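Residue-level structural notes
Each chain, letter by letter, is given below.
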Amino acid sequence: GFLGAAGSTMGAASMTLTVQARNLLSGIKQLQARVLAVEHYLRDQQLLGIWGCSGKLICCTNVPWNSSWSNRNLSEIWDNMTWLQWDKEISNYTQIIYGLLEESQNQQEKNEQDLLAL
Amino acid sequence: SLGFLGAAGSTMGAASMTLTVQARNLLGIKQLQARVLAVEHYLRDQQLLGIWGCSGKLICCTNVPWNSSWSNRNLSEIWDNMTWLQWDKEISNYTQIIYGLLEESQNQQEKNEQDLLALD
Amino acid sequence: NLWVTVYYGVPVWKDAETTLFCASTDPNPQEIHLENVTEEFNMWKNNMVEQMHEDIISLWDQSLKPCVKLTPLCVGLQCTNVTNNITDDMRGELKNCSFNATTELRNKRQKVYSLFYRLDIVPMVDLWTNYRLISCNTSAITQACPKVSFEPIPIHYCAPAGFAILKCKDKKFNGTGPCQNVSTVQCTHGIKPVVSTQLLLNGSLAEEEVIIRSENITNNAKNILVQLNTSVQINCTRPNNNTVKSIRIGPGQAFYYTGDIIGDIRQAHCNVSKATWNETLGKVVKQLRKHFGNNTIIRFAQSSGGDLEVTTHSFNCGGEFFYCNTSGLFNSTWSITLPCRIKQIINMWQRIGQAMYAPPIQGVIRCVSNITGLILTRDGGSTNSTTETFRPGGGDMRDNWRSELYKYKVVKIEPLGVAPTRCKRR
Amino acid sequence: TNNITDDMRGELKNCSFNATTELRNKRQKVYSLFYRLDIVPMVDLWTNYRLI
Ligand SMILES: *[C@@H]1O[C@H](CO)[C@@H](O[C@@H]2O[C@H](CO)[C@@H](O[C@@H]3O[C@H](CO)[C@@H](O)[C@H](O)[C@@H]3O)[C@H](O)[C@H]2NC(C)=O)[C@H](O)[C@H]1NC(C)=O
Ligand SMILES: *[C@@H]1O[C@H](CO)[C@@H](O[C@@H]2O[C@H](CO)[C@@H](O)[C@H](O)[C@H]2NC(C)=O)[C@H](O)[C@H]1NC(C)=O
Ligand SMILES: *[C@@H]1O[C@H](CO)[C@@H](O[C@@H]2O[C@H](CO)[C@@H](O)[C@H](O)[C@H]2NC(C)=O)[C@H](O)[C@H]1NC(C)=O
Ligand SMILES: *[C@@H]1O[C@H](CO)[C@@H](O[C@@H]2O[C@H](CO)[C@@H](O)[C@H](O)[C@H]2NC(C)=O)[C@H](O)[C@H]1NC(C)=O
Ligand SMILES: *[C@@H]1O[C@H](CO)[C@@H](O)[C@H](O)[C@H]1NC(C)=O
Ligand SMILES: *[C@@H]1O[C@H](CO)[C@@H](O)[C@H](O)[C@H]1NC(C)=O
Ligand SMILES: *[C@@H]1O[C@H](CO)[C@@H](O)[C@H](O)[C@H]1NC(C)=O
Ligand SMILES: *[C@@H]1O[C@H](CO)[C@@H](O)[C@H](O)[C@H]1NC(C)=O
Ligand SMILES: *[C@@H]1O[C@H](CO)[C@@H](O)[C@H](O)[C@H]1NC(C)=O
Ligand SMILES: *[C@@H]1O[C@H](CO)[C@@H](O)[C@H](O)[C@H]1NC(C)=O
Ligand SMILES: *[C@@H]1O[C@H](CO)[C@@H](O)[C@H](O)[C@H]1NC(C)=O
Ligand SMILES: *[C@@H]1O[C@H](CO)[C@@H](O)[C@H](O)[C@H]1NC(C)=O
Ligand SMILES: *[C@@H]1O[C@H](CO)[C@@H](O)[C@H](O)[C@H]1NC(C)=O
Ligand SMILES: *[C@@H]1O[C@H](CO)[C@@H](O)[C@H](O)[C@H]1NC(C)=O
Ligand SMILES: *[C@@H]1O[C@H](CO)[C@@H](O)[C@H](O)[C@H]1NC(C)=O
Ligand SMILES: *[C@@H]1O[C@H](CO)[C@@H](O)[C@H](O)[C@H]1NC(C)=O
Ligand SMILES: *[C@@H]1O[C@H](CO)[C@@H](O)[C@H](O)[C@H]1NC(C)=O
Ligand SMILES: *[C@@H]1O[C@H](CO)[C@@H](O)[C@H](O)[C@H]1NC(C)=O
Ligand SMILES: *[C@@H]1O[C@H](CO)[C@@H](O)[C@H](O)[C@H]1NC(C)=O
Ligand SMILES: *[C@@H]1O[C@H](CO)[C@@H](O)[C@H](O)[C@H]1NC(C)=O
Ligand SMILES: *[C@@H]1O[C@H](CO)[C@@H](O)[C@H](O)[C@H]1NC(C)=O
Ligand SMILES: *[C@@H]1O[C@H](CO)[C@@H](O)[C@H](O)[C@H]1NC(C)=O
Ligand SMILES: *[C@@H]1O[C@H](CO)[C@@H](O)[C@H](O)[C@H]1NC(C)=O
Ligand SMILES: *[C@@H]1O[C@H](CO)[C@@H](O)[C@H](O)[C@H]1NC(C)=O
């Protein structure tokens, strides 16, 4: 169910991404609410697009993980944490991570542009 | 680091490095009309890229060859010696032909890929 | 050899007209200077002026809806002379008018007595009455709410996402043509919607010199907007200790009127210095000579007659609409005190059907105010460019707001583009 | 009062009333021609009809 995996561990909650999806899109106040929901959805989709993750729910990237963001191992991160606690732990670095993700895509397309130019 | 449209007066080969800066800045009745028209312009541009098979990309290479009748210039003068505004003015009223060719090329590519993926 | 490559996020734009946001919603400003650009501006084709005009009209009309109507006060008046001490110049200007006003009770009237300015009443002959309110034979009169102020508050116009505003920073920019020092903003600076008819008050000053702007400098049917580089201060006062009284005219309708004047009555005057005004007019004439013959005599004259709202120079000092007489200001050929008349029933802009009543404010009203520009009109080349005569003519209010929006242009962003590359998809 | 044909008898009436003016405390006597279908009889003094 919607947000049912919020209290589950991240390893289990990552398999319900399509359940959390679809609930993002569906007298002046109702129209403002609809426009706001559409605007937030499109901002998130554009943010994925500029990272090279468009059309995917689980997108792997080329940005290495910095141990200063979190020094936990994968077993502790994925089996002993929920997404809410993880989101709280690394919120102070989230925008930095986003910037790095954007930069990686800026390089990646240029490399592809060169590889297809041979 | 230059900011929104900061590269507008730079050359095409330099301004092409700041596409994400422009992309991130594209998103009571009058206020709703302004927000809905901004959303519609964004969605029409995204649908048009999708029709061309360029969804999810900012720099999208295609299979449409360049016609010398659209702009009889070499890459050095186009990319290193002129801006995107001058280019946009130069190829005005040629963009609809290019868009039609891109649409047809993507339709042919989708049929070819479907037929290639239909081989056992 | 070369292939079409599609780019999204291209830093290009087209001229466009769109809906702008009014912020005041306090924005966080940003400004990005555009290096190596040239953009063609035209301040007389700028849709931002029409949109600002429509927004000010709509805000004005909305502000007067939840306010007291003066429909029950459209009655005959019995007017006599004011018994206080007046000068010769103010004889007949102010009248003491008595009338029967309604009360909260439907079947109980009340005798009242109120001072009115002569401009706010019109003769009407009856057995027991002499005058009526000027607007009652044309339109309903709505009282402005005393809790709502008139004073300009600077506002910002902001483009929606997908659009941007270009700002021209060039010195000596005449309002049209190319501009090289161009920057991109999301919101304009704070622009005061100052209401005036002949002089531009509390506006922007030119950075370098006096700038003369005209849609067609050889067409005498167009107004000439002069922006000064130095301000000229105006000290305006109504030296009358007005005592304001009020009566209840309906269940929720309270009406405010002039009760009395404490002490002697003296006229309402604005003082402009003479040294700085003479220097200002010398600068304006020197700049005018660059658009006419160098040996042509340039003379200033009084405005033409007809439509007092245009022939005089309006403000909104305090809360009371002055109407000063610039005839003693422009009477020169190339201090000073200006008799100002006061009205309370104001038909603003050029509209007919919406009359607003400005209630008086108790005490004296004095305000000091920066003159930042002028509106001049030419009489016409009747002498074949031998001598030219300029007058402080009026115009639509758009010309004042255009005098602030001349630096801004709205452009639509076109993120898509195509270009040849050697990059082939496969 | 006019050269009225048989078909128009009783269909148009010449009516007078006290109307207000632009001034609250003034009144004017106004007459006009109304169609019978716009008027309903009323029994009162110094009047015999009202508008529907
Ligand atoms: C041009 O700008 C000047 C400077 O802001 C304006 O004058 C100022 O106007 C304000 C607002 O009306 C005055 O404040 C008022 O002061 C009285 C004092 O009794 C008070 O009762 C009011 O409630 C309000 O606080 C202020 O005194 C005044 N200052 C100066 C130095 O003049 C001027 O009105 C503007 N002109 C136009 C045409 O908009
Ligand atoms: C305006 O007229 C009113 C009368 O309609 C004046 O009020 C009278 O003023 C005299 C002054 O000697 C008093 O003795 C009376 O008792 C007042 N009568 C009322 C009903 O108030 C008023 O003073 C006049 N104002 C001016 C400025 O001339
Ligand atoms: C205000 O109301 C008073 C009520 O007394 C009016 O005075 C009377 O008016 C009638 C006609 O309306 C006259 O016949 C009376 O002789 C008046 N009485 C007196 C004592 O003068 C007064 O005229 C009204 N004022 C206005 C301006 O309408
Ligand atoms: C409707 O009635 C009014 C008054 O009853 C008429 O007006 C009068 O008409 C006569 C001519 O018959 C004139 O001599 C009077 O001077 C008029 N009086 C006024 C006050 O106007 C009117 O003519 C009638 N109209 C019709 C069509 O019968
Ligand atoms: C909650 O924790 C318990 C601990 O044993 C676990 O069994 C259960 O599955 C958890 N809830 C969800 C929804 O995963
Ligand atoms: C990790 O982060 C620190 C500061 O948070 C930074 O100095 C370091 O360079 C980062 N790691 C890498 C590999 O760049
Ligand atoms: C992860 O780190 C924790 C530290 O509390 C440790 O107890 C755990 O054994 C580690 N897991 C692995 C797989 O090394
Ligand atoms: C994030 O920063 C705030 C203050 O900048 C601090 O109070 C908070 O603890 C930080 N979060 C983490 C997870 O360290
Ligand atoms: C403007 O042109 C000069 C000419 O060489 C160039 O050096 C400069 O980088 C250009 N401006 C930008 C923003 O690229
Ligand atoms: C495009 O190229 C073809 C040949 O490749 C040419 O015949 C055609 O005229 C060109 N397009 C235009 C608009 O001239
Ligand atoms: C491109 O064409 C222009 C046109 O004269 C020429 O000056 C320039 O040298 C050319 N560059 C290349 C790389 O062919
Ligand atoms: C097509 O674009 C070119 C680019 O300059 C322009 O010269 C030409 O006039 C345009 N065609 C028409 C029919 O306007
Ligand atoms: C008021 O007095 C002036 C002269 O002081 C006179 O001209 C005017 O007619 C007077 N008005 C009335 C209504 O008595
Ligand atoms: C109202 O009265 C004034 C008094 O001069 C007059 O000029 C104006 O035309 C009148 N209004 C109408 C609609 O007749
Ligand atoms: C402004 O100055 C430019 C300078 O060339 C000129 O071309 C243009 O006509 C001028 N416009 C006005 C309105 O004076
Ligand atoms: C543009 O105007 C600003 C205003 O301060 C100035 O600082 C800047 O140097 C100007 N730009 C150029 C290129 O002269
Ligand atoms: C305004 O312009 C005049 C033109 O002569 C000049 O002398 C004066 O210094 C200027 N003032 C400022 C503050 O720029
Ligand atoms: C508009 O400006 C042009 C510029 O010379 C002038 O010839 C023309 O007469 C002007 N228009 C009018 C109506 O005078
Ligand atoms: C009057 O005007 C002068 C010059 O305009 C100004 O400097 C002065 O402060 C003003 N004084 C008063 C009392 O308004
Ligand atoms: C305007 O000038 C007159 C002339 O004496 C003076 O009495 C008055 O105080 C001045 N007004 C201001 C606001 O200084
Ligand atoms: C201003 O004063 C002059 C003095 O001669 C006068 O002729 C003119 O009519 C006055 N202005 C107005 C609008 O009455
Ligand atoms: C007007 O006179 C009254 C007398 O009670 C006084 O209290 C008030 O302060 C005066 N107002 C002015 C502006 O002089
Ligand atoms: C008027 O001009 C003076 C001149 O320095 C300036 O300091 C003052 O702030 C200006 N006032 C307004 C209200 O613009
Ligand atoms: C007026 O018209 C009615 C319509 O039926 C008629 O009955 C009546 O007799 C008429 N009266 C006169 C006086 O003509």
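Method of determination, as given in the entry header: cryo-EM; reported resolution: 3.3 Å.

Now for empty space enclosed by the protein. Counted as a void, the largest cavity has a volume near 200 Å³. Here the lining of the largest cavity is built from residues that sort into eight nonpolar, seven polar and one charged. Of the volumes computed, that of the second largest cavity is approximately 100 Å³. Mapped onto the lining of the second largest cavity, the elements with two or more residues apiece are α6 (94-115) of chain A together with α2 (19-23) of chain B.

The subject of this paragraph is the site of ligand 11. Residue and element names in this part refer to chain B. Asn74, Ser76 and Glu77 make up every residue found near ligand 11. Residue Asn74 places a side-chain N or O atom 2.3 Å away from an oxygen atom belonging to ligand 11. Here an oxygen atom of ligand 11 and a side-chain polar atom of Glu77 are 3.0 Å apart. With the chains in place, 29% of the 360 Å² that ligand 11 exposes on its own is no longer accessible.

A few words now on the site of ligand 18. Every residue lining ligand 18 is accounted for by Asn216, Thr218 and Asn219 of chain C. A distance of 2.3 Å is found between an oxygen atom of ligand 18 and a side-chain nitrogen or oxygen belonging to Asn216 of chain C.

Okay, the interface of chain C and chain B next. Frequently, the measure chosen for interface size is the accessible area that the parts lose on association. Residue-level contacts link 43 residues of chain C with 58 residues of chain B. Of the roughly 4,500 Å² buried between chain C and chain B on both sides combined, carbon and sulfur atoms contribute 69%. On the chain C side of the interface with chain B, the three residues burying the most area are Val4, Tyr8 and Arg425 of chain C, jointly 20% of the side's total. Applying the counting criterion to the chain C and chain B interface returns two salt bridges. In this structure, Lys30 of chain B engages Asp55 of chain C in a salt bridge whose closest nitrogen and oxygen atoms are separated by 2.3 Å. Linking chain C with chain B are 15 residue pairs in polar contact. Put simply, the parts of the chain that give the side of chain C that touches chain B at least two residues each are β1 (3-8), β2 (13-15), β4 (31-34), β13 (163-168), β27 (408-413) and β28 (416-421) of chain C.

Moving on, we get to the sheet that holds β4 of chain C. Residues and elements named next belong to chain C. A sheet is described by the order of its strands in space; here five strands give the open sequence β2-β27-β13-β15-β4, paired in antiparallel fashion. Each edge of the open sheet carries a strand with a single partner, namely β2 and β4. Recorded for the sheet is a direction-independent mean angle of 40 degrees between the axes of neighbouring strands. Judged from the five bridges that link them, β13 and β27 form a sheet pairing that is antiparallel. Each bridged residue has a counterpart across the sheet, and for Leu166 the counterpart in β27 is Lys409.

Below, the discussion takes up the layout of surface pockets. Residues and elements named next belong to chain A. Looking at the largest pocket, its volume works out to about 2,100 Å³. Along its surface, the largest pocket is lined by 46 residues, and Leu17, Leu48, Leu57, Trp83 and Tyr98 are the ones closest to its centre. Within the residue set of the lining of the largest pocket, elements represented by two or more residues are α1 (10-13), α2 (17-20), α3 (28-49), α4 (74-79), α5 (83-89) and α6. When residues of the lining of the largest pocket are assigned to their parent elements, the largest contribution, five residues, is made by α3.

Now for the side chain of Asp88 of chain B. Along the chain, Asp88 of chain B turns up in helix α5 (residues 84-90). Residue classification places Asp88 of chain B among the buried residues on the basis of a relative accessible area of 17%.

Time to look at the packing of aromatic side chains. Across all of its chains, the model carries 21 aromatic pairs over all chains by this definition. With 4.7 Å between their ring centres and 55 degrees between their planes, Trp52 of chain B and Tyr99 of chain B make a pair best called tilted. Residue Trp52 of chain B is located in the loop between α3 (29-51) and β1 (59-65), and its partner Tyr99 of chain B is located in helix α6 (residues 95-116); the two are separated by 47 residues in the primary sequence. The exposure classification of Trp52 of chain B matches that of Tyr99 of chain B, with both residues buried. Its guanidinium or amino end placed over the ring of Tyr406 of chain C, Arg213 of chain C lies 3.7 Å from that ring's centre, counting from NZ or CZ. Positioned above the aromatic ring of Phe41 of chain C, the side-chain terminus of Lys409 of chain C is 5.8 Å from the ring centre.

Turning to the state of the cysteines, a few remarks are in order. Applying the stated criterion to the full structure yields 11 disulfides over all chains. Bridging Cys236 of chain C to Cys270 of chain C, the disulfide has an S-S length of 2.0 Å. Handedness of the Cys236 of chain C-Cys270 of chain C disulfide follows from its S-S torsion of about 110 degrees: it is right-handed. Remark: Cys270 of chain C occurs in strand β20 (residues 268-272) and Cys236 of chain C occurs in strand β18 (residues 224-250); sequence separation between them is 34 residues. Comparing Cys236 of chain C with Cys270 of chain C shows no difference in burial state: the two are buried. Shown here is the disulfide that connects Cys324 of chain C with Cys340 of chain C, its sulfur atoms set 2.0 Å apart. Residues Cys324 of chain C and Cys340 of chain C share a disulfide whose torsion about the S-S bond is about 100 degrees; that sign makes it right-handed. With respect to burial, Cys324 of chain C and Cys340 of chain C carry one shared label: buried. We note that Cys60 of chain A lacks a disulfide partner, and the nearest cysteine sulfur, in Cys59 of chain A, lies 6.7 Å from it.

Bringing helix α4 (residues 398-405) of chain C into the picture now. All names here are of chain C. By the criterion of burial, α4 is predominantly enclosed, with seven of the eight residues buried. Turning to α4, its buried residues are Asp399, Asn400, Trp401, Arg402, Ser403, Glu404 and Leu405. Against the buried residues of α4 lie α1 (47-63), β16 (199-201), β18, β25 (363-378) and β27.

Right, let's get into the sheet that holds β1 of chain B. Strand order across the open sheet formed by three strands is β1(B)-β1(C)-β28(C), with antiparallel pairing between neighbours. Looking at which strands have only one partner, the edges of the open sheet turn out to be β1 of chain B together with β28 of chain C. Taking each pair of neighbouring strands and ignoring which way they run, the sheet shows an average axis angle of 30 degrees. Note that β1 of chain B and β1 of chain C share four bridges and pair antiparallel. Bridged to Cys60 of chain B within β1 of chain C is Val6 of chain C. Strand contacts of α6 of chain A: β1 of chain B together with β1 and β28 of chain C, with the helix running at about 25 degrees to β1 of chain B, the strand carrying the most contacts.

Scoring rules and cut-offs
Residues numbered from 1 in each chain as written, not as in the entry; some residues may be left out. Chains lettered and ligands numbered in written order. Part of a larger assembly, values for the part shown. Heavy atoms only, no water. 1 Å grid on protein atoms, 1.4 Å probe; cavity = no way out; pocket = protein on both sides within 12 Å on 5 of 7 lines; lining within 4 Å. Points joined across faces, edges and corners; volume = space filled by probe spheres on them. Nonpolar A, V, L, I, M, F, W, Y, C, P; charged D, E, K, R; others polar. Helix = DSSP H or I, 4+ residues; strand = E, 2+ residues; numbered from the N terminus. Near = heavy atom within 4 Å. Polar contact = N/O pair within 3.5 Å; in protein donor to acceptor, adjacent residues only side chain to side chain. Areas by Shrake-Rupley, 256 points an atom, 1.4 Å probe, with all protein chains shown as cover. Contact = heavy atoms within 4.5 Å. Buried area = accessible area lost by both parts, 1.4 Å probe. Salt bridge = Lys/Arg side-chain N within 4 Å of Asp/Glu carboxyl O. Pairing = 2+ DSSP bridges. Axes fitted to C-alpha atoms, helices over the stretch in contact; angles between N-to-C directions. Buried < 20%, exposed > 50% of the residue type's maximum accessible area, 1.4 Å probe, protein only. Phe/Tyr/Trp six-rings, centres within 6.5 Å; stacked < 30°, edge-to-face > 60°. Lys NZ or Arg CZ within 6 Å of the ring centre and 35° of its normal. Disulfide = S-S within 2.5 Å.

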